[PDB]
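Participant: Below: the sequence, then the experimentally determined structure.
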Amino acid sequence: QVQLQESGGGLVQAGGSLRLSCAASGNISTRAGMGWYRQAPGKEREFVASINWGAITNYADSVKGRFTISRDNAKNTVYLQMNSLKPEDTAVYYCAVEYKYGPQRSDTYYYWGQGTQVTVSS
Amino acid sequence: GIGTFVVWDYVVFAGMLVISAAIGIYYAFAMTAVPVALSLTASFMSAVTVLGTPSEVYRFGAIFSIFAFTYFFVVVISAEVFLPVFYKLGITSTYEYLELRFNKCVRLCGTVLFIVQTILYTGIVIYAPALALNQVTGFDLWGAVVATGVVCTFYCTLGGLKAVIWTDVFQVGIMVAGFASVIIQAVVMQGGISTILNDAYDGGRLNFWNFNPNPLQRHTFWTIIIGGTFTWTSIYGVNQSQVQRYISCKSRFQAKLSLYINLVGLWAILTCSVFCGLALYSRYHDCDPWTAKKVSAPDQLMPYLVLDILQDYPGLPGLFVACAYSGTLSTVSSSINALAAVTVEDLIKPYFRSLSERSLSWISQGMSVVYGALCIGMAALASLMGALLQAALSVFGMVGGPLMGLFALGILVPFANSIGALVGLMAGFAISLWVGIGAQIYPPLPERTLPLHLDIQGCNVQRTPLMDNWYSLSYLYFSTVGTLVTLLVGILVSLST
């Protein structure tokens, strides 16, 4: 329903920097808690980097400090920014938005967007 | 603070309830199309479509506003197609028509579908405002049900029979004051309509256009138009409680007009409850009453708002619990007496059939206490089944859907063999009960129901491909997949003979 799109990803030098953008069309709630998941080739859906309406920013233990993420509530978009690009963190990246619709813990769905492949060189 | 009941408005809830009973007992112990159109609105103005329509718009967006076209497409069908058939033939009640077009066995096979539909719906007319009284008072949720049940079974002492206009104008008359209490004070507490209609857009609660043409989604434009028409045609076209007050009107043009007057009234209760749903989001787009400051059920979102908004106004929060309770005393007593006289008319012909009027007047109140236990017993079942508007339209669709198929097979198809309709009905009733219980055992995933965010923050293998691709059918399609089976099966068996 939200039909969200994204851009900003491709072949870069191993060790540089990059900013991945992701918009959100449709009737998406602003106070939503958009995130950034990724999928390595042959692996499972990897880490969450969640930022809620209160900008409480979360990271995984492998990506503390080296990666940053910020959103703005005016246009309903999220910017994932890259630093210290490893030769092995390359994957496809998805732009999820975690809805919460009930009182329990196991009731969340995600509205997965299309992928974007980022590769390294060395 | 929070605000609760006080000692001064408790009598306002009880005093407005007893005067509605006082109007009913006076005209008992004693149609020109304008009364019966308002009496057709009071059946719609239940405690399901007042307590549960804002709590469903607050969670699943305001796609429910598309029902304003669905209410137009049913009164066109139910007046052009289904109305001149039951009127011009001099029919007394719409199940007596079934033994005219088919054999007499399918009428006893017809009203058994009406009894299981009625006692499944009138458990939701009873349990829903008891789910509201448990919120505002903390009385108990299982004791207020049997409180509500025993006052209507003892209202089967010829008080509930012979429904009067004056006990139906009071249902709307409290409800026009019940919503105007809660709409008007919510605007002045939130500062303008253009503020209520501004945080709802930021929450995504507008959601007016979907247009996704697959049946597996719960709320589309196509589900509400196509499937929602076939659900509500089973209520305004073939249900005996809402065709009895079409034949009773005198002129045929007036009885058509009474179906066209409450279309304004259905557009009023829909607009005045969708806007309460958008008012309920803008008040609680920071701390929902779920997940924090809890309300057990989703249908405790309207009585939690009223004691939160009308806390400084004494007298008025008792009026909102009154208009939820006002619909049930007219509905359930008429719901039981509809089940009473039909059953004793059904029973006498395979019985000894020569008993005296003393036993027949005894058995008219003999089974009335039995069905009230089944009214209470199905009301204990309705603590399950979920959202109590999703469950009120499923048991219209999954049971009363194929019952509408017989009247579609009888009227339109001129070669409907009576042995074809009997196996056509039980085939259609089996397909609808297959998908109808499969969804209520395994619910659809939230990628198909599309529920919206609730924002807890600012408050200072399991799936099998049958369970995913057919049990996730839309709950407004349980009558489309019911009627379009008993029309297909009901013809091909009739075409075989």
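Facilitator: Received the coordinates, thanks. Numbers count the residues shown, from 1 in each chain, chains lettered A, B, ... in the order given.
Participant: Point me to the helix or strand that includes the spatially most central residue of chain B.
Facilitator: Centroid-nearest residue in chain B: residue B:392, 5.4 Å away (criterion: Cα atoms, centre = their mean). In this assignment (DSSP states H and E), residue B:392 forms part of helix B:390-397.
Participant: tell me what the following helix or strand past that helix is packed against?
Facilitator: Later in the chain than helix B:390-397, the nearest helix or strand by DSSP H and E is helix B:400-411. Applying 3 or more Cβ pairs under 8 Å, 6 or more residues apart in numbering or on different chains; DSSP states H and E, we find helix B:400-411 packed against helix B:98-101, helix B:111-137, helix B:228-236, helix B:418-441, helix B:480-486, helix B:488-496. Using the backbone N, CA and C atoms, a C-beta is placed for each residue, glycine as well.
Participant: Need these in TSV (columns: mean neighbour count and distance to chain A).
Facilitator: Listed next are the helices and strands packed on helix B:400-411 as TSV, based on neighbours: other Cβ atoms under 10 Å in any protein chain shown; distance: least, Cβ to the nearest Cβ, whole Å:
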stretch	mean neighbour count	distance to chain A
helix B:98-101	17	43
helix B:111-137	23	15
helix B:228-236	25	19
helix B:418-441	19	17
helix B:480-486	24	22
helix B:488-496	17	33
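Participant: What residues of stretch B:450-465 count as buried?
Facilitator: B:450-455, B:457 (16 or more other Cβ atoms under 10 Å in any protein chain shown).
Participant: Next, format those residues as TSV and append distance to residue B:84 and secondary structure.
Facilitator: Output for the buried residues of stretch B:450-465, formatted as TSV (distance: Cβ to Cβ, whole Å; DSSP: H, G, I helix; E, B strand; the rest coil):
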residue	distance to residue B:84	secondary structure
B:450	40	coil
B:451	42	coil
B:452	43	coil
B:453	49	coil
B:454	48	coil
B:455	52	coil
B:457	58	coil
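Participant: Could you give the backbone dihedrals for the closest residue in space to residue B:447 that isn't next to it in sequence?
Facilitator: Leaving aside its chain neighbours, residue B:447 sits nearest to residue A:109 (5.7 Å; criterion: Cβ to Cβ, 6 or more residues apart in numbering or on different chains). Residue A:109 adopts backbone torsions of phi -130, psi 170, taken as degrees, to the nearest 10.
Participant: Determine the three-state secondary structure at residue B:477.
Facilitator: coil (DSSP: H, G, I helix; E, B strand; the rest coil).
Participant: what does chain A put close to chain B?
Facilitator: Taking Cβ under 8 Å from any Cβ of the partner chain as the contact definition, chain A meets chain B at A:1, A:26-32, A:52-54, A:99-103, A:107, A:109.
Participant: of the residues you listed, buried ones?
Facilitator: A:1, A:27-32, A:52-53, A:99-101, A:103, A:109.
Participant: Just the ones of the residues you listed in helices?
Facilitator: In helices, defined here by DSSP state H, there are no members of those.
Participant: any chance of these in CSV, plus distance to residue B:120?
Facilitator: Shown next, in CSV, are those (distance: Cβ to Cβ, whole Å):
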residue, distance to residue B:120
A:1, 32
A:27, 34
A:28, 37
A:29, 35
A:30, 40
A:31, 38
A:32, 38
A:52, 42
A:53, 42
A:99, 32
A:100, 32
A:101, 27
A:103, 27
A:109, 30
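Participant: hang on, the earlier thing: out of the residues of chain A next to chain B, list just those in strands.
Facilitator: In this view, those that belong to strands under DSSP state E are A:99-100, A:109.
Participant: All the strands of chain A, residue numbers only.
Facilitator: Along chain A, counting by DSSP E, strands occupy A:6-7, A:17-22, A:37-39, A:68-72, A:77-83, A:91-94, A:99-100, A:108-109, A:117-118.
Participant: now, of the ones you listed, which is deepest in the fold?
Facilitator: Of the strands of chain A, the one with the most neighbours on average (mean count of other Cβ atoms under 10 Å in any protein chain shown) is strand A:99-100, at a mean of 22.
Participant: Show me how far it is from its chain's centre.
Facilitator: 16 Å (Cα atoms, centre = their mean, to the nearest Å).
Participant: What is the burial count for residue 16?
Facilitator: Just going to use chain A. Residue neighbour count, defined by other Cβ atoms under 10 Å in any protein chain shown, stands at 12 for residue A:16.
Participant: Can you look at chain B instead?
Facilitator: Neighbours around residue B:16, by other Cβ under 10 Å: 21.
Participant: Now for it: which residues touch it?
Facilitator: B:174, B:318-319, B:322, B:326 (Cβ atoms under 8 Å, 6 or more residues apart in numbering or on different chains).
Participant: Same check on residue B:229?
Facilitator: Contacts for residue B:229 (Cβ under 8 Å, 6+ apart) come out as B:70, B:73-74, B:77.
Participant: can you pick the most crowded of these?
Facilitator: With neighbours taken as other Cβ under 10 Å, the top of these is residue B:74, carrying 25 neighbours.
Participant: Run a quick check on that one versus residue B:236, I expect a contact.
Facilitator: Yes. Here residue B:74 reaches residue B:236: they are 5.4 Å apart, a contact under Cβ atoms under 8 Å.
Participant: Show me whatever sits in contact with both of these two.
Facilitator: If you check residue B:74 and residue B:236 against Cβ under 8 Å, 6+ apart, no residue is contacted by both.
Participant: Beta-bridge partners for the residue nearest to residue A:10 when sequence neighbours are not counted, please?
Facilitator: Using Cβ to Cβ, 6+ apart and skipping the chain neighbours, the partner closest in space to residue A:10 is residue A:118 (6.3 Å). Note on residue A:118: beta-bridge partners by DSSP bridges are residue A:91.
Participant: can you pull the contacts of residue A:118?
Facilitator: Contacts of residue A:118 (Cβ under 8 Å, 6+ apart): A:9-12, A:18, A:20, A:82, A:90-91, A:93.
Participant: Out of those residues, which comes closest to chain B?
Facilitator: residue A:93 (20.5 Å; Cβ to the nearest Cβ).
Participant: Now do that closest one against residue B:344, distance only.
Facilitator: As defined by Cβ to Cβ, to the nearest Å, residue A:93 lies at a distance of 70 Å from residue B:344.
Participant: Which ones among the buried residues of stretch B:450-465 also lie next to chain A?
Facilitator: Near chain A, taking Cβ under 8 Å from any Cβ as the test, the members of the buried residues of stretch B:450-465 found are B:450-455, B:457.
Participant: Show me what the helix holding residue B:392 is packed against.
Facilitator: Contact analysis of helix B:390-397 by 3+ Cβ pairs under 8 Å, 6+ apart lists helix B:111-137, helix B:228-236, helix B:418-441 as its packing neighbours.
Participant: so how far is chain A from residue B:154?
Facilitator: 38 Å (Cβ to the nearest Cβ, to the nearest Å).
Participant: Count the neighbours of that residue for me.
Facilitator: 14.
Participant: Please tell me how far it sits from residue B:21.
Facilitator: Noted for residue B:154: a distance of 11 Å to residue B:21, by Cβ to Cβ.
Participant: Sounds good, over and out.
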